[PDB]
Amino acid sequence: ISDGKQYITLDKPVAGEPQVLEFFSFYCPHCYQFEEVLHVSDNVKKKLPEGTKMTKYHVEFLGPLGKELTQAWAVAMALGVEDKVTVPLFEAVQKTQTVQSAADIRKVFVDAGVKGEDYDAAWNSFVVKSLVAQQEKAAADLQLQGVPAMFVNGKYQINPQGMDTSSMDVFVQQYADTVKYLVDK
């Protein structure tokens, strides 16, 4: 695992507690594949020391409802229903293409078993407003230009373009091996 290859050391790191920080968009096909074809984040987690903090934020950059989906992701985090809604949201945005309004996003949450009233209360909550601001600030501070993206300890950015991609499994194992190397460092 080499500096400038599988990862890059940021010229302007960001302050904060140690963590693995991931950014994605429900509009992003590579993000959808990373989740549902490659299971990148699951493989990453499996190789991290027990107790390592992992955080995942959405970005507003892509898509006509990038902002609304970033707020919906905040709702997902606020209510702790990420596992219920992540795949349904990827499917609704990219496959069935049933997400054309904020109302459509709510329907995905409701069909996934999140109570409509809990969704509405969360959407309009202080916690969600704060989480939207925090997601935006984290991306801005890291000068984020695209997704999928992953960072370790605010100091290193994972660089999949520099990884061995001889096969899908070799790539996934490289990605996971790179993250744990940096966390250990």
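Don't overthink the numbering: it's just position in the shown sequence, from 1.
Set 74 to 82 against 108 to 116 and average the Cα temperature factors; 108 to 116 ends up higher. Mean CA B-factor, 10 to 18 versus 169 to 177: the higher value falls on 10 to 18. Reading the B-factor column for the CA atoms of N124, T55, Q157, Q135 in the entry, the top value corresponds to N124.
The entry lists a Cα temperature factor for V87 that places it in the middle third of the chain's modelled residues. Per the deposited record, the Cα B-factor of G66 falls in the lowest third when ranked against the other modelled residues of its chain.
Placement of the Cα temperature factor of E60 within the chain: lowest third of the modelled residues, per the deposited record. Remark: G51 belongs to the highest third of its chain, ranked by C-alpha B-factor as recorded. Sort the chain's modelled residues by C-alpha temperature factor and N153 lands in the highest third, per the entry.
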